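>>> model this:
(3 chains)
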Amino acid sequence: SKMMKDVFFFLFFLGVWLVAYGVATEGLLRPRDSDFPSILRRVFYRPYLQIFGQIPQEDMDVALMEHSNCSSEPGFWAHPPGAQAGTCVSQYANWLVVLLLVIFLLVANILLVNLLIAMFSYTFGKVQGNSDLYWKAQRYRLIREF
Amino acid sequence: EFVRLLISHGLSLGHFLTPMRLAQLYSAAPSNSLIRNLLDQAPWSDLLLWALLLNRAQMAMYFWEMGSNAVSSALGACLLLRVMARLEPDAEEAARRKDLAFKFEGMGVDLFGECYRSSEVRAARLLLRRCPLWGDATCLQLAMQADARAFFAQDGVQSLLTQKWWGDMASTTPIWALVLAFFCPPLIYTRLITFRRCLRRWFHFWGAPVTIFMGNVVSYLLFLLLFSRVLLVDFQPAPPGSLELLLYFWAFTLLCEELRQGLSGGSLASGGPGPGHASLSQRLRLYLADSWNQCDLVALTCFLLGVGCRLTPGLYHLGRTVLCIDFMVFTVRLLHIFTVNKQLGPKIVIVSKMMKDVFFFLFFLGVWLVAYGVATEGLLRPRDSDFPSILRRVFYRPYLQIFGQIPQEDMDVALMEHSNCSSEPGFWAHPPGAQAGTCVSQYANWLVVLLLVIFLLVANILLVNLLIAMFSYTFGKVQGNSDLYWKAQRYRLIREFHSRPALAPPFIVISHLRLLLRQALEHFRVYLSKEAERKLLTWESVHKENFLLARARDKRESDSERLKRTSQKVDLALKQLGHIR
Amino acid sequence: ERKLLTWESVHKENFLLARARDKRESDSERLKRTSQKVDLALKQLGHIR
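Numbering: from 1, shown residues only, chains lettered A, B, ... in the order given. For reference, the structure is listed below:
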């Protein structure tokens, strides 16, 4: 219970860093099939499962999909094979998407988790000597209750 | 050592110090380069300045100990030494000046600590007031402009800054009462808030800095949500409309507030121009050295490039592409605002000092990665090649193998179909995937699997765990300095918010109207009656005269001076015994 | 060269004397010299009786 001074720091830093990646990705791809739950899902929930070893690349690139023009606004369009990733994805400057994916994975995966390990070690090695005494104090009352 | 004897049982100094005598004393100039160079351009405190100019330590401690205004004089002496340390060329002088400045700062710290023990109202009244001997300056601002870490390091200054930050008349009310008050305005007139009448109560509540902070944060989050709703659904190839004109008006107000913060105007310990008047060529050099305002300036110019890109026709896509990236730079500024708060303050600052190891990791991983990529694409030899396919299949595919994505379809041949569609002699196999050509060789395929095992064992088991070890060892050392440096800057970060206008950026046009209609005071000056002033100086002088005597007696009754006095008494006894024989 | 060797020899002769005086004025040799002086005083007091 005394290690809850760091999980809130982790949630703060990850939420601030996560919302921006989500909005930038869904601004660059521009899905031409949109609602409220689809956009809210595809902005928050899909980046959150990428820091636990689930990186689907089907809706990110275009060089794994079929070049199909079924859209009416001028440009070039591609067809996703999955579900929930609309039916049309733009192709204008697609390399910026891959570069943002690399930046986000390097920040969340290699810096934050290891920093959180360091903070748990430093907090534990200090507070252990007080927590042990406080546990030794309450044992009489917990015996007396039964 | 003689001036204590000649002034202890001797004359009163009110007879001694006469202006002809003091002119004669200034007229003596023992050196030729420090006060002589500074005059080439041209009662106790009058002697104290004289002692501080010419670098005499054993004079200066005595004149401070016989002084009148105790606490302000120490920090001012520290300031004047830190300033005059720059102008002299040698290092042998600087090694004395820095040491004398540390001695004064430590003496001032211990004096304030021996006065905070009793009657904290008296200490709070003592610290904030104005001292006439140096002009209309307070003690705290003198401590700020000399960069004295150990004076902000102790606890009483922190506990005063907390009550300064809760503003007018509140005392440690929890957060949820403040949020429930800010959500509904007819809850402050009632019982929950803790402190003709109502029209002054309503002006006291919104004057506190912890409320203007909340208003600033709420306005900024509404700006981000509006910007997101513009970018995702709207922003069509059309004439702009109201939902973009609102955004343009908003950005113009943000540029105006950044210009106000820049132009309103740093640190005398560095050698800056100081308060009062300075040059435009000085404030312009000052403002562009702090990194966060530099980042906000870059963000505003990138925003202008995108929104001008769009208004011209024929370049519709590039404006979206620039503006989507600039949203990132607007969003990442939301860490500089929360530096002020208590539970994230010492945690945000440490993250920037851990950039001495991520570059080592990138170096080692790049060198080890390029070789594996080239060796794999040399052994497989894809018979369908371009420039982007080869660049992709060398760099990008090994980089996603250290995060638990190991596709084995294009690596082996014992999972593919033995098909000969190639013309060069040998044996060929057909990949089932995409981007891995259409023909892969089969000559000595086991070397590929062995290289895969070697690369995964090196990157996965050695480097990540080594990086964990280096973060732990760097953190456990630098934490104790970073905490002190965060404690130093908190006063300046509080002082910035009070001069900021007290209305939201949707009311910043009316606030700028009130500003340009006629073209710090709270918790920075307390005015007292002179009888209480004359009483207060007696109250602190009693503690000062008690403190010095306590330290001297503690040195006197130690366990190393007993031995010296017994040595002297045994020598005296032996000398007197020498007469008897 | 002849000036430089003088410049360093001054610091060497200052350094050795500083170390010797620091050993001399410690807090464990005071006790030894007081022991010797008390012994001398007792020996000279032995003649008076």
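>>> in chain A, what residue lies closest to chain C?
residue A:129 (35.7 Å; CB to the nearest CB). C-betas here are computed from N, CA, C, even on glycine.
>>> now the host helix or strand of that residue: buried residues?
Element membership of residue A:129, judged by DSSP states H and E, is helix A:113-137. For helix A:113-137, a neighbour-count test (16 or more other CB atoms under 10 Å in any protein chain shown) marks A:114-116, A:118-119 as buried.
>>> what about the strands in chain A?
With DSSP state E as the criterion, chain A has strands at A:77-78, A:89-90.
>>> including distance to chain B and mean neighbour count, could those go into CSV?
Below are the strands of chain A laid out as CSV (distance: least, CB to the nearest CB, whole Å; neighbours: other CB atoms under 10 Å in any protein chain shown):
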stretch, distance to chain B, mean neighbour count
strand A:77-78, 13, 22
strand A:89-90, 9, 22
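>>> dump those into CSV; add distance to residue A:38 as well.
CSV is the format used below for those (distance: least, CB to CB, whole Å):
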stretch, distance to residue A:38
strand A:77-78, 18
strand A:89-90, 14
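>>> would you turn these into a markdown table with distance to chain C?
Compiled in a markdown table, the strands of chain A are given as follows (distance: least, CB to the nearest CB, whole Å):
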| stretch | distance to chain C |
| --- | --- |
| strand A:77-78 | 78 |
| strand A:89-90 | 76 |
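>>> related to what we said a few turns ago, and which of the buried residues of helix A:113-137 is nearest residue A:10?
residue A:116 (5.6 Å; CB to CB).
>>> state the number of residues packed around the closest residue to the closest one other than its chain neighbours.
The spatial neighbour of residue A:116 that comes closest, neighbours along the chain excluded (CB to CB, 6 or more residues apart in numbering or on different chains), is residue A:10 at 5.6 Å. The number of residues packed near residue A:10 is 14, by other CB atoms under 10 Å in any protein chain shown.
>>> test my guess that residue A:10 contacts residue A:114.
No. With contact defined as CB atoms under 8 Å, residue A:10 and residue A:114 do not form a contacting pair (11.9 Å).
>>> which bits of chain A sit near chain B?
Counting by CB under 8 Å from any CB of the partner chain, the positions of chain A adjacent to chain B are A:5, A:8-9, A:12, A:16-17, A:19-21, A:23-24, A:26-28, A:34, A:39, A:53, A:55, A:63-64, A:75, A:92-93, A:96, A:98, A:102, A:105, A:109-111, A:114-115, A:117-119, A:121-122.
>>> if we go to 6 Å?
Contacts of chain A with chain B, taken as CB under 6 Å from any CB of the partner chain, map to A:9, A:16, A:20, A:23-24, A:27-28, A:53, A:55, A:64, A:92-93, A:114, A:117-118.
>>> contact partners for residue A:2?
residue A:127 (CB atoms under 6 Å, 6 or more residues apart in numbering or on different chains).
>>> distance check, the most centrally placed residue in chain A against residue A:108.
Compute the mean C-alpha point of chain A, and by CA atoms, centre = their mean the closest residue is residue A:48, 2.8 Å away. Between residue A:48 and residue A:108 the distance, using CB to CB, to the nearest Å, works out to 10 Å.
>>> now swap in residue A:130 and tell me
33 Å.
>>> got the contact list for residue A:68?
Residues in contact with residue A:68, defined by CB under 6 Å, 6+ apart, are residue A:79.
>>> wait, I meant residue A:85
So residue A:85 contacts residue A:59 (CB under 6 Å, 6+ apart).
>>> before we move on, what about the one 4 residues further on?
Contacts of residue A:89 were listed using CB under 6 Å, 6+ apart, and they are A:29, A:78, A:80.
>>> who's the second one bridged to?
With beta bridges defined as DSSP bridges, residue A:78 has these partners: residue A:89.
>>> correct me, but it touches residue A:65?
Yes. Assessed by CB atoms under 6 Å, residue A:78 is found in contact with residue A:65 at 4.9 Å.
>>> identify the residue nearest the residue nearest to the centre of chain A in space, chain neighbours excluded?
residue A:18 (6.9 Å).
>>> tally up the residues packed near that neighbour, please.
Counted with other CB under 10 Å, residue A:18 comes out at 18.
>>> thinking again about what came up before, against chain B, how distant is the residue nearest to residue A:116?
10 Å (CB to the nearest CB, to the nearest Å).
>>> residue ranges of the helices in chain A, please?
Per DSSP state H, chain A carries helices over the ranges A:7-29, A:36-40, A:46-48, A:95-107, A:113-137, A:139-145.
>>> which one of those helices lies closest to residue A:69?
So among these, helix A:7-29 is nearest, using CB to CB, at 16.2 Å.
>>> what residues does the residue lying closest to residue A:69 once chain neighbours are set aside make contact with?
Nearest in space to residue A:69, with sequence neighbours left out and distances taken as CB to CB, 6+ apart, is residue A:77 at 5.3 Å. Contacts of residue A:77 were listed using CB under 6 Å, 6+ apart, and they are A:69, A:71, A:88.
>>> are any of these buried, and which?
Buried among the contacts of residue A:77 (16+ other CB under 10 Å): A:71, A:88.
>>> tell me which of the contacts of residue A:77 is nearest to residue A:43?
Of the contacts of residue A:77, the one sitting nearest to residue A:43 (CB to CB) turns out to be residue A:88, at 17.9 Å.
>>> what sits against residue A:81?
residue A:58.
>>> if we use 7 Å, what do you get?
A:58, A:65 (CB atoms under 7 Å, 6 or more residues apart in numbering or on different chains).
>>> list of residues touching stretch A:109-125?
With CB under 7 Å, 6+ apart as the criterion, stretch A:109-125 contacts A:3, A:6, A:10, A:13-14, A:51, B:354, B:358, B:361, B:403, B:467-468, B:471-472, B:475-476.
>>> which of those sit farthest apart?
Most distant of those, by CB to CB, are B:403 and B:476, 27.9 Å apart.
>>> name the nearest residue to residue A:30, ignoring sequence neighbours.
residue A:90 (5.0 Å).
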